[PDB]
Structure formats: C-alpha cells, structure tokens
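K.L.:
Got coords33.csv for you, CSV, C-alpha atoms and all ligand atoms:
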```
chain,number,residue,atom,x,y,z
A,16,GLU,CA,-3.3,0.2,-14.4
A,17,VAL,CA,-4.6,1.6,-11.2
A,18,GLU,CA,-8.3,2.4,-10.5
A,19,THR,CA,-9.3,5.0,-7.9
A,20,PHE,CA,-12.5,4.7,-5.9
A,21,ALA,CA,-14.2,6.9,-3.3
A,22,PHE,CA,-15.0,5.3,0.0
A,23,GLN,CA,-18.7,5.2,0.9
A,24,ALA,CA,-19.6,8.3,2.9
A,25,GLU,CA,-20.1,6.4,6.2
A,26,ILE,CA,-16.8,4.5,5.9
A,27,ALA,CA,-14.8,7.7,5.1
A,28,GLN,CA,-16.5,9.3,8.1
A,29,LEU,CA,-15.4,6.4,10.3
A,30,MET,CA,-11.8,6.5,9.1
A,31,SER,CA,-11.6,10.3,9.8
A,32,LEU,CA,-12.9,9.6,13.3
A,33,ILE,CA,-10.4,6.8,13.9
A,34,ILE,CA,-7.5,9.1,12.7
A,35,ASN,CA,-8.4,12.3,14.4
A,36,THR,CA,-9.8,11.2,17.8
A,37,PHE,CA,-7.4,11.2,20.7
A,38,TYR,CA,-7.4,7.6,21.9
A,39,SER,CA,-4.3,6.0,23.6
A,40,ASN,CA,-5.3,2.3,23.6
A,41,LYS,CA,-4.2,1.8,20.0
A,42,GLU,CA,-2.9,-1.8,20.5
A,43,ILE,CA,-6.4,-3.2,19.9
A,44,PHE,CA,-5.7,-2.9,16.1
A,45,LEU,CA,-3.7,-6.1,16.2
A,46,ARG,CA,-6.5,-8.1,17.9
A,47,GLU,CA,-8.9,-6.9,15.2
A,48,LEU,CA,-6.6,-7.8,12.3
A,49,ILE,CA,-5.6,-11.2,13.8
A,50,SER,CA,-9.3,-11.9,14.4
A,51,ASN,CA,-10.1,-11.0,10.8
A,52,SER,CA,-7.3,-13.4,9.7
A,53,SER,CA,-8.8,-16.1,11.9
A,54,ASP,CA,-12.2,-15.7,10.2
A,55,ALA,CA,-10.7,-16.0,6.7
A,56,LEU,CA,-8.9,-19.2,7.8
A,57,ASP,CA,-12.2,-20.6,9.2
A,58,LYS,CA,-13.8,-20.0,5.9
A,59,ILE,CA,-11.3,-21.8,3.6
A,60,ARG,CA,-11.1,-24.6,6.2
A,61,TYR,CA,-14.8,-25.1,6.2
A,62,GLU,CA,-15.0,-25.1,2.4
A,63,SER,CA,-12.3,-27.6,2.2
A,64,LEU,CA,-14.3,-30.2,4.1
A,65,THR,CA,-16.7,-30.7,1.2
A,66,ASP,CA,-14.2,-29.8,-1.5
A,67,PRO,CA,-10.6,-30.7,-0.7
A,68,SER,CA,-9.3,-29.2,-4.0
A,69,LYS,CA,-9.8,-25.7,-2.4
A,70,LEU,CA,-6.5,-26.3,-0.6
A,71,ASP,CA,-4.5,-27.0,-3.8
A,72,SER,CA,-3.4,-23.4,-3.5
A,73,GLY,CA,-1.8,-24.1,-0.1
A,74,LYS,CA,-2.4,-26.6,2.7
A,75,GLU,CA,-1.1,-24.7,5.6
A,76,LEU,CA,-3.5,-22.5,7.7
A,77,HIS,CA,-1.4,-20.0,9.7
A,78,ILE,CA,-0.9,-16.3,10.6
A,79,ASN,CA,2.5,-14.6,10.3
A,80,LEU,CA,3.4,-11.3,11.9
A,81,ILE,CA,6.4,-9.6,10.2
A,82,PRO,CA,7.7,-6.4,11.7
A,83,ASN,CA,10.2,-4.4,9.6
A,84,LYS,CA,12.0,-1.6,11.4
A,85,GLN,CA,13.8,-0.2,8.3
A,86,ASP,CA,10.6,0.2,6.3
A,87,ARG,CA,8.6,1.0,9.4
A,88,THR,CA,6.0,-1.6,8.4
A,89,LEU,CA,4.1,-4.3,10.2
A,90,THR,CA,2.7,-7.1,8.0
A,91,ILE,CA,0.0,-9.6,9.0
A,92,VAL,CA,-0.1,-12.6,6.6
A,93,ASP,CA,-2.8,-15.3,6.6
A,94,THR,CA,-3.5,-18.1,4.2
A,95,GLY,CA,-7.2,-17.7,4.5
A,96,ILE,CA,-9.9,-17.7,1.8
A,97,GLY,CA,-8.6,-14.4,0.4
A,98,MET,CA,-10.6,-11.7,-1.3
A,99,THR,CA,-11.9,-11.3,-4.8
A,100,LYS,CA,-11.9,-8.0,-6.8
A,101,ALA,CA,-15.7,-7.6,-6.2
A,102,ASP,CA,-15.0,-7.9,-2.4
A,103,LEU,CA,-12.3,-5.2,-2.5
A,104,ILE,CA,-14.5,-2.8,-4.5
A,105,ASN,CA,-18.2,-3.6,-3.7
A,106,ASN,CA,-19.2,-6.3,-1.3
A,107,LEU,CA,-17.0,-5.5,1.7
A,108,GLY,CA,-17.9,-1.8,1.5
A,109,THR,CA,-21.6,-2.6,1.3
A,110,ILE,CA,-21.5,-4.9,4.4
A,111,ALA,CA,-19.4,-2.3,6.3
A,112,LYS,CA,-21.9,0.5,5.4
A,113,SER,CA,-24.4,-0.6,8.1
A,114,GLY,CA,-21.8,-1.7,10.7
A,115,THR,CA,-20.1,1.7,10.4
A,116,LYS,CA,-23.5,3.5,10.9
A,117,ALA,CA,-24.3,1.3,14.0
A,118,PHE,CA,-20.8,1.8,15.4
A,119,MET,CA,-21.1,5.5,15.1
A,120,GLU,CA,-24.5,5.6,16.9
A,121,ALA,CA,-23.0,3.5,19.7
A,122,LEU,CA,-20.0,5.9,20.0
A,123,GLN,CA,-22.4,8.6,21.1
A,124,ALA,CA,-24.3,6.3,23.5
A,125,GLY,CA,-21.2,5.8,25.7
A,126,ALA,CA,-19.4,3.1,23.7
A,127,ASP,CA,-15.6,3.5,23.1
A,128,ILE,CA,-13.5,2.7,20.0
A,129,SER,CA,-12.3,-0.7,21.4
A,130,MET,CA,-15.7,-2.2,20.7
A,131,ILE,CA,-15.3,-1.8,17.0
A,132,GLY,CA,-15.1,-5.5,16.3
A,133,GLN,CA,-18.7,-6.0,17.6
A,134,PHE,CA,-19.8,-4.2,14.4
A,135,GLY,CA,-17.7,-6.1,11.9
A,136,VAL,CA,-15.6,-3.1,10.9
A,137,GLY,CA,-12.5,-3.9,13.0
A,138,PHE,CA,-10.3,-3.7,9.9
A,139,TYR,CA,-10.3,0.1,9.9
A,140,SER,CA,-8.8,0.2,13.4
A,141,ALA,CA,-5.6,-0.2,11.4
A,142,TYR,CA,-5.7,3.6,10.9
A,143,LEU,CA,-5.1,4.0,14.6
A,144,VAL,CA,-1.4,3.2,14.0
A,145,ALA,CA,-1.0,3.4,10.2
A,146,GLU,CA,-0.8,6.3,7.8
A,147,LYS,CA,-1.2,3.9,4.8
A,148,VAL,CA,-2.5,0.4,4.5
A,149,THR,CA,-1.7,-2.0,1.7
A,150,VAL,CA,-3.7,-5.3,1.2
A,151,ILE,CA,-2.3,-8.0,-1.1
A,152,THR,CA,-4.9,-10.7,-1.5
A,153,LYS,CA,-5.5,-13.9,-3.5
A,154,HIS,CA,-8.8,-15.8,-3.8
A,155,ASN,CA,-9.0,-19.2,-5.4
A,156,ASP,CA,-11.5,-17.8,-8.0
A,157,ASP,CA,-9.7,-14.6,-9.0
A,158,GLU,CA,-6.3,-13.0,-9.8
A,159,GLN,CA,-4.0,-11.5,-7.2
A,160,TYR,CA,-5.0,-7.9,-6.3
A,161,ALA,CA,-3.5,-5.0,-4.4
A,162,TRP,CA,-5.8,-2.7,-2.4
A,163,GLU,CA,-4.3,0.5,-0.9
A,164,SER,CA,-5.6,3.6,0.9
A,165,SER,CA,-4.1,6.5,3.0
A,166,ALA,CA,-7.6,7.6,4.0
A,167,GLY,CA,-8.6,11.0,2.6
A,168,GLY,CA,-11.8,9.4,1.2
A,169,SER,CA,-10.3,7.3,-1.6
A,170,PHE,CA,-8.6,3.9,-2.2
A,171,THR,CA,-7.0,2.2,-5.2
A,172,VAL,CA,-7.2,-1.3,-6.6
A,173,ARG,CA,-4.8,-2.8,-9.1
A,174,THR,CA,-3.6,-6.3,-10.2
A,175,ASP,CA,-0.5,-7.1,-8.2
A,176,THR,CA,2.6,-7.9,-10.2
A,177,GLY,CA,4.8,-8.9,-7.2
A,178,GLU,CA,5.4,-12.2,-5.6
A,179,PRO,CA,2.5,-14.6,-5.9
A,180,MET,CA,1.1,-15.7,-2.5
A,181,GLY,CA,-0.9,-18.8,-3.7
A,182,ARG,CA,-3.9,-18.0,-1.5
A,183,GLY,CA,-4.6,-15.6,1.3
A,184,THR,CA,-4.3,-12.0,2.4
A,185,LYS,CA,-1.3,-9.8,3.3
A,186,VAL,CA,-2.1,-6.6,5.3
A,187,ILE,CA,0.9,-4.2,5.3
A,188,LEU,CA,0.7,-1.4,7.8
A,189,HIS,CA,2.9,1.6,7.1
A,190,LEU,CA,3.1,2.9,10.6
A,191,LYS,CA,3.0,6.5,11.8
A,192,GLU,CA,6.3,7.9,13.1
A,193,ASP,CA,5.1,7.8,16.8
A,194,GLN,CA,3.7,4.2,16.6
A,195,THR,CA,7.0,2.3,16.2
A,196,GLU,CA,6.5,0.5,19.5
A,197,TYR,CA,4.5,-2.1,17.5
A,198,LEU,CA,7.6,-3.1,15.7
A,199,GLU,CA,9.3,-4.3,18.9
A,200,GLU,CA,9.3,-8.0,19.5
A,201,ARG,CA,8.4,-7.9,23.2
A,202,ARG,CA,5.6,-5.5,22.6
A,203,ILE,CA,3.9,-7.6,19.9
A,204,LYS,CA,4.2,-10.7,22.1
A,205,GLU,CA,2.5,-8.9,25.0
A,206,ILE,CA,-0.4,-7.8,22.7
A,207,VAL,CA,-0.9,-11.3,21.2
A,208,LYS,CA,-0.8,-13.0,24.5
A,209,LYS,CA,-3.3,-10.5,25.9
A,210,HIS,CA,-5.9,-10.3,23.1
A,211,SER,CA,-5.3,-13.3,20.8
A,212,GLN,CA,-4.2,-16.1,23.1
A,213,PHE,CA,-7.1,-18.4,22.1
A,214,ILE,CA,-7.0,-18.0,18.3
A,215,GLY,CA,-7.2,-21.5,16.9
A,216,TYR,CA,-4.4,-21.1,14.3
A,217,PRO,CA,-0.6,-20.9,14.8
A,218,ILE,CA,0.7,-17.4,15.0
A,219,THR,CA,4.4,-16.9,14.2
A,220,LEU,CA,6.2,-13.7,15.1
A,221,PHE,CA,9.2,-13.3,12.6
A,222,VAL,CA,12.2,-11.8,14.5
A,223,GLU,CA,14.4,-9.5,12.5
A,224,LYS,CA,18.1,-9.9,11.7
B,301,LIG,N1,-13.7,-5.4,7.7
B,301,LIG,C1,-13.8,-4.8,6.5
B,301,LIG,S1,-15.1,-3.9,6.1
B,301,LIG,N2,-12.7,-5.0,5.7
B,301,LIG,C2,-12.3,-4.5,4.4
B,301,LIG,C3,-13.1,-3.7,3.6
B,301,LIG,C4,-12.6,-3.3,2.4
B,301,LIG,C5,-11.4,-3.6,2.0
B,301,LIG,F1,-10.9,-3.2,0.8
B,301,LIG,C6,-10.6,-4.4,2.8
B,301,LIG,CL1,-9.0,-4.8,2.2
B,301,LIG,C7,-11.0,-4.8,4.0
```
Rewrite the structure from the file as structure tokens, please.
Ligand SMILES: NC(=S)Nc1ccc(F)c(Cl)c1

P.N.:
Amino acid sequence: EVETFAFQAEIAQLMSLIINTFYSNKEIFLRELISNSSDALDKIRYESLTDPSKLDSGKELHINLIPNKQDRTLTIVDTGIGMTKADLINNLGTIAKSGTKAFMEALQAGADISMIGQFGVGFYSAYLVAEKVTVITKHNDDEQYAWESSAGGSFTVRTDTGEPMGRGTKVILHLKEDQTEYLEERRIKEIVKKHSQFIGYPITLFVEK
C-alpha cells in the first residue's frame, strides 16, 4: 500500500533548480549526505547517554558507502537515529520549507549551489547525480519505512517489507547515466578524503567483487 504525496511548493522548486541548472561540481552531494548521516549518529549517541536501551536496536555507530556498478546505484548506510513516518511526510518538509526559501534568495545574491548545507537542505543535492532516490529508514519508535521520489513534484511512502535494518537510514541513489564516476573506488575515496576527512564516525567503502 503506497501513499503518494506532493512536495511543498518551495521544495519542488528547489529540486527542479538542482536538476536543471548547469553545475559541474556535483561531488558535493556526498559531503552533504555523509554530513546528514553524521548528524543522525550524533542524535542517537546523545540520547543513549541518558537511556542506554536506545542502542538495543544496534550498538555500532558507523557509515557505509556501497557502490553497485551493475544496478548503477550508490548506497549510503548509517546506523543513526532514523526517521519516523511523521518525519518522512510532515516534519522534515516543514523544516525544509524555510531553508529552501532562504537558499533560493541567496542563490540570487551571488551564492552558489555548494553552500546548500548552510541552509539545512543538503539532502536534495542528491538530485545532482541521481534520477531517483530511495530512503529506507528505521526509528526506534516506529516501523521500517520506504520513501522514494524521482522529483516531478511528488514522493511516495510505504511500509518496507524488505530486509530489516534494526535502526538507521539507507539512502539509495539511482544515478544518472553520465554520473557513473561516483561508482569508482578511487573517485569516492578522493571525495571522502577531501570533504569528510574529519567526520567523527568510521566510514567504510565497500569494494565490489
Ligand atoms: N534534509 C532534509 S529536508 N531531508 C529529508 C526531507 C524529507 C525526506 F523525506 C527525507 Cl528522506 C529527507
């Protein structure tokens, strides 16, 4: 049972700008997604200080990057706090409503796309390299959910029937045909070292077989 929702007007406007604007420095998408994973890990880590049972769904706090050349997908897995259904449908879109508006004003005052993280809406930079984004997420207080969008102004949410993750968020980037360089091992390593060297959680790059 799949529910279809319309993006908020400002968010849909940002996604169209991110997809249609000529901008060559696309690698920053990884910095933003990794930074988002780091925030989610900070959150579950801080909650576990006063409530250790919040880690019963998984003690390890890490970030995995999983390129897949046959499916042309790049997956970023974190064991962070995860997202509830209300987050996927309401709360995150409400918070991003104002950050998108501010980011758009700045883009006309001289700012460029690489500053998107300063407005809390870095997640949508995924559409620099992806034609479709799938998010599998599990929060301690909710069921496992699957969020998906190919832009166009709508997204879908459904309960995920696949493999249980215990706790965290899986971001699956279905890459555009011309962005397969982000599936190469030495390219991902160069980007992580350049932009995410100081992330305070272990980042593991799965090599393919
Ligand atoms: N940084 C932001 S606004 N992230 C975000 C918003 C809505 C979503 F459904 C997902 Cl998966 C992520």

K.L.:
Per residue of chain A within 10 Å of ligand LIG 301 (chain B), what are the shortest atom pair and its distance in Å to one decimal, counting all atoms listed in the file, with rows by chain and residue number, as a tab-separated table?

P.N.:
```
residue	atom	partner	partner_atom	distance
A:22	CA	B:LIG301	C4	9.2
A:26	CA	B:LIG301	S1	8.6
A:47	CA	B:LIG301	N1	9.0
A:48	CA	B:LIG301	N1	8.8
A:51	CA	B:LIG301	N1	7.3
A:97	CA	B:LIG301	CL1	9.8
A:98	CA	B:LIG301	CL1	7.9
A:99	CA	B:LIG301	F1	9.9
A:100	CA	B:LIG301	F1	9.0
A:101	CA	B:LIG301	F1	9.6
A:102	CA	B:LIG301	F1	7.0
A:103	CA	B:LIG301	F1	4.1
A:104	CA	B:LIG301	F1	6.4
A:105	CA	B:LIG301	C4	8.3
A:106	CA	B:LIG301	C4	8.1
A:107	CA	B:LIG301	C3	4.7
A:108	CA	B:LIG301	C3	5.6
A:109	CA	B:LIG301	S1	8.2
A:110	CA	B:LIG301	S1	6.7
A:111	CA	B:LIG301	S1	4.6
A:112	CA	B:LIG301	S1	8.1
A:114	CA	B:LIG301	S1	8.4
A:115	CA	B:LIG301	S1	8.7
A:132	CA	B:LIG301	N1	8.7
A:134	CA	B:LIG301	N1	9.1
A:135	CA	B:LIG301	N1	5.8
A:136	CA	B:LIG301	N1	4.4
A:137	CA	B:LIG301	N1	5.6
A:138	CA	B:LIG301	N1	4.4
A:139	CA	B:LIG301	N1	6.8
A:140	CA	B:LIG301	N1	9.4
A:148	CA	B:LIG301	CL1	8.6
A:149	CA	B:LIG301	CL1	7.8
A:150	CA	B:LIG301	CL1	5.4
A:151	CA	B:LIG301	CL1	8.1
A:152	CA	B:LIG301	CL1	8.1
A:160	CA	B:LIG301	CL1	9.9
A:161	CA	B:LIG301	CL1	8.6
A:162	CA	B:LIG301	CL1	6.0
A:163	CA	B:LIG301	CL1	7.7
A:164	CA	B:LIG301	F1	8.6
A:170	CA	B:LIG301	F1	8.0
A:171	CA	B:LIG301	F1	9.0
A:172	CA	B:LIG301	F1	8.5
A:184	CA	B:LIG301	CL1	8.6
A:185	CA	B:LIG301	CL1	9.2
A:186	CA	B:LIG301	CL1	7.8
```

K.L.:
One number please: atom CA of residue A:70 to atom CA of residue A:175, in Å, one decimal.

P.N.:
21.5 Å

K.L.:
Tell me which protein, DNA and RNA residues are within 12 Å of residue A:224, counting all atoms listed in the file, leaving out same-chain ones fewer than 3 positions away, and put them as a PyMOL selection string.

P.N.:
chain A and resi 81-85+200+221

K.L.:
Excluding residue A:129 and residues on its chain fewer than 5 positions from it, collect all residues at most 12 Å away from it, counting all atoms listed in the file, and give them as a list in words.

P.N.:
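My reading of the contact set: residues 33, 38, 39, 40, 41, 42, 43, 44, 45, 46, 47, 118, 121, 122, 134, 136, 137, 139, 140, 143 and 210 of chain A.
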
K.L.:
What is the atom CA of residue A:217-atom CA of residue A:128 distance in Å, reported with one decimal?

P.N.:
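Taking atom CA of residue A:217 as the start and atom CA of residue A:128 as the end point, the length is 27.4 Å.
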
K.L.:
Pick out the closest residue to residue A:78 from this set: A:125, A:93, A:18, A:157. Count all atoms listed in the file.

P.N.:
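When distances to residue A:78 are compared using all atoms listed in the file, the smallest one comes from A:93.
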
K.L.:
Take atom CA of residue A:181 and atom CA of residue A:208 and report the distance between them in Å, one decimal.

P.N.:
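Atom-to-atom, atom CA of residue A:181 and atom CA of residue A:208 are spaced 28.8 Å apart.
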
K.L.:
For residue A:153, which of A:213, A:96, A:141, A:120 is the closest residue, counting all atoms listed in the file?

P.N.:
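Looking at the shortest contact to residue A:153, the residue is A:96.
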
K.L.:
Mind giving me the axis-aligned box for stretch 173-179 of chain A with 8 Å on every side, centre plus edges in Å to one decimal, as lines of an AutoDock Vina configuration file?

P.N.:
```
center_x = 0.3
center_y = -8.7
center_z = -7.9
size_x = 26.2
size_y = 27.8
size_z = 20.6
```

K.L.:
Looking at only C-alpha atoms, which of A:117, A:219, A:191, A:57 is the one that sits closest to residue A:204?

P.N.:
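Using only C-alpha atoms, residue A:204 sits closest to A:219.
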
K.L.:
So, counting all atoms listed in the file, which residue among A:74, A:146, A:179, A:205 is closest to residue A:167?

P.N.:
A:146

K.L.:
Counting all atoms listed in the file, find the residues whose atoms lie at most 10 Å from (-1.1, -2.5, -16.4) (file coordinates) and write them out as a JSON list (two decimals) with C-alpha atoms, in the coordinates of the input.

P.N.:
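Result file selection-v2.json:
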```json
[["chain", "number", "residue", "atom", "x", "y", "z"],
["A", 16, "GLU", "CA", -3.30, 0.20, -14.40],
["A", 17, "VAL", "CA", -4.60, 1.60, -11.20],
["A", 173, "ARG", "CA", -4.80, -2.80, -9.10],
["A", 174, "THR", "CA", -3.60, -6.30, -10.20],
["A", 175, "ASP", "CA", -0.50, -7.10, -8.20],
["A", 176, "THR", "CA", 2.60, -7.90, -10.20]]
```

K.L.:
Just add N, CA, C and O atoms to stretch 18-35 of chain A and send it as a PDB file, in the frame of the given file.

P.N.:
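In the end it all went to out.pdb:
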```pdb
ATOM      1  N   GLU A  18      -7.004   1.751 -10.608  1.00  0.00           N
ATOM      2  CA  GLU A  18      -8.300   2.400 -10.500  1.00  0.00           C
ATOM      3  C   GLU A  18      -8.491   3.002  -9.138  1.00  0.00           C
ATOM      4  O   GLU A  18      -8.121   2.412  -8.120  1.00  0.00           O
ATOM      5  N   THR A  19      -9.049   4.208  -9.117  1.00  0.00           N
ATOM      6  CA  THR A  19      -9.300   5.000  -7.900  1.00  0.00           C
ATOM      7  C   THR A  19     -10.743   5.048  -7.588  1.00  0.00           C
ATOM      8  O   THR A  19     -11.532   5.448  -8.452  1.00  0.00           O
ATOM      9  N   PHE A  20     -11.118   4.684  -6.369  1.00  0.00           N
ATOM     10  CA  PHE A  20     -12.500   4.700  -5.900  1.00  0.00           C
ATOM     11  C   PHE A  20     -12.654   5.550  -4.704  1.00  0.00           C
ATOM     12  O   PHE A  20     -11.729   5.687  -3.901  1.00  0.00           O
ATOM     13  N   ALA A  21     -13.833   6.142  -4.559  1.00  0.00           N
ATOM     14  CA  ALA A  21     -14.200   6.900  -3.300  1.00  0.00           C
ATOM     15  C   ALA A  21     -14.803   5.907  -2.339  1.00  0.00           C
ATOM     16  O   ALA A  21     -15.637   5.069  -2.695  1.00  0.00           O
ATOM     17  N   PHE A  22     -14.365   6.011  -1.088  1.00  0.00           N
ATOM     18  CA  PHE A  22     -15.000   5.300   0.000  1.00  0.00           C
ATOM     19  C   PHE A  22     -16.497   5.731   0.051  1.00  0.00           C
ATOM     20  O   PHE A  22     -16.866   6.844  -0.338  1.00  0.00           O
ATOM     21  N   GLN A  23     -17.336   4.829   0.546  1.00  0.00           N
ATOM     22  CA  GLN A  23     -18.700   5.200   0.900  1.00  0.00           C
ATOM     23  C   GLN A  23     -18.655   6.249   2.022  1.00  0.00           C
ATOM     24  O   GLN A  23     -17.765   6.232   2.879  1.00  0.00           O
ATOM     25  N   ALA A  24     -19.632   7.159   2.001  1.00  0.00           N
ATOM     26  CA  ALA A  24     -19.600   8.300   2.900  1.00  0.00           C
ATOM     27  C   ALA A  24     -19.457   7.862   4.367  1.00  0.00           C
ATOM     28  O   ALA A  24     -18.674   8.460   5.114  1.00  0.00           O
ATOM     29  N   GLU A  25     -20.176   6.816   4.782  1.00  0.00           N
ATOM     30  CA  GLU A  25     -20.100   6.400   6.200  1.00  0.00           C
ATOM     31  C   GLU A  25     -18.745   5.840   6.527  1.00  0.00           C
ATOM     32  O   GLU A  25     -18.225   6.091   7.621  1.00  0.00           O
ATOM     33  N   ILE A  26     -18.141   5.090   5.606  1.00  0.00           N
ATOM     34  CA  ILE A  26     -16.800   4.500   5.900  1.00  0.00           C
ATOM     35  C   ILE A  26     -15.762   5.587   5.951  1.00  0.00           C
ATOM     36  O   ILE A  26     -14.894   5.550   6.832  1.00  0.00           O
ATOM     37  N   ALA A  27     -15.804   6.564   5.040  1.00  0.00           N
ATOM     38  CA  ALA A  27     -14.800   7.700   5.100  1.00  0.00           C
ATOM     39  C   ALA A  27     -15.007   8.453   6.394  1.00  0.00           C
ATOM     40  O   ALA A  27     -14.019   8.914   6.980  1.00  0.00           O
ATOM     41  N   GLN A  28     -16.251   8.603   6.854  1.00  0.00           N
ATOM     42  CA  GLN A  28     -16.500   9.300   8.100  1.00  0.00           C
ATOM     43  C   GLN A  28     -15.906   8.520   9.293  1.00  0.00           C
ATOM     44  O   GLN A  28     -15.413   9.138  10.245  1.00  0.00           O
ATOM     45  N   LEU A  29     -15.943   7.184   9.253  1.00  0.00           N
ATOM     46  CA  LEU A  29     -15.400   6.400  10.300  1.00  0.00           C
ATOM     47  C   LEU A  29     -13.858   6.494  10.349  1.00  0.00           C
ATOM     48  O   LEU A  29     -13.238   6.576  11.414  1.00  0.00           O
ATOM     49  N   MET A  30     -13.249   6.499   9.166  1.00  0.00           N
ATOM     50  CA  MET A  30     -11.800   6.500   9.100  1.00  0.00           C
ATOM     51  C   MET A  30     -11.275   7.868   9.630  1.00  0.00           C
ATOM     52  O   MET A  30     -10.270   7.904  10.347  1.00  0.00           O
ATOM     53  N   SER A  31     -11.968   8.963   9.315  1.00  0.00           N
ATOM     54  CA  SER A  31     -11.600  10.300   9.800  1.00  0.00           C
ATOM     55  C   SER A  31     -11.718  10.318  11.353  1.00  0.00           C
ATOM     56  O   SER A  31     -10.873  10.898  12.043  1.00  0.00           O
ATOM     57  N   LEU A  32     -12.777   9.711  11.893  1.00  0.00           N
ATOM     58  CA  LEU A  32     -12.900   9.600  13.300  1.00  0.00           C
ATOM     59  C   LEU A  32     -11.811   8.806  13.969  1.00  0.00           C
ATOM     60  O   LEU A  32     -11.289   9.154  15.032  1.00  0.00           O
ATOM     61  N   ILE A  33     -11.434   7.701  13.323  1.00  0.00           N
ATOM     62  CA  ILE A  33     -10.400   6.800  13.900  1.00  0.00           C
ATOM     63  C   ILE A  33      -9.026   7.542  13.802  1.00  0.00           C
ATOM     64  O   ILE A  33      -8.182   7.344  14.687  1.00  0.00           O
ATOM     65  N   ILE A  34      -8.794   8.378  12.788  1.00  0.00           N
ATOM     66  CA  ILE A  34      -7.500   9.100  12.700  1.00  0.00           C
ATOM     67  C   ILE A  34      -7.416  10.266  13.591  1.00  0.00           C
ATOM     68  O   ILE A  34      -6.363  10.524  14.184  1.00  0.00           O
ATOM     69  N   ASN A  35      -8.505  11.019  13.752  1.00  0.00           N
ATOM     70  CA  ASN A  35      -8.400  12.300  14.400  1.00  0.00           C
ATOM     71  C   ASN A  35      -8.820  12.301  15.884  1.00  0.00           C
ATOM     72  O   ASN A  35      -8.594  13.302  16.573  1.00  0.00           O
TER      73      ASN A  35
END
```
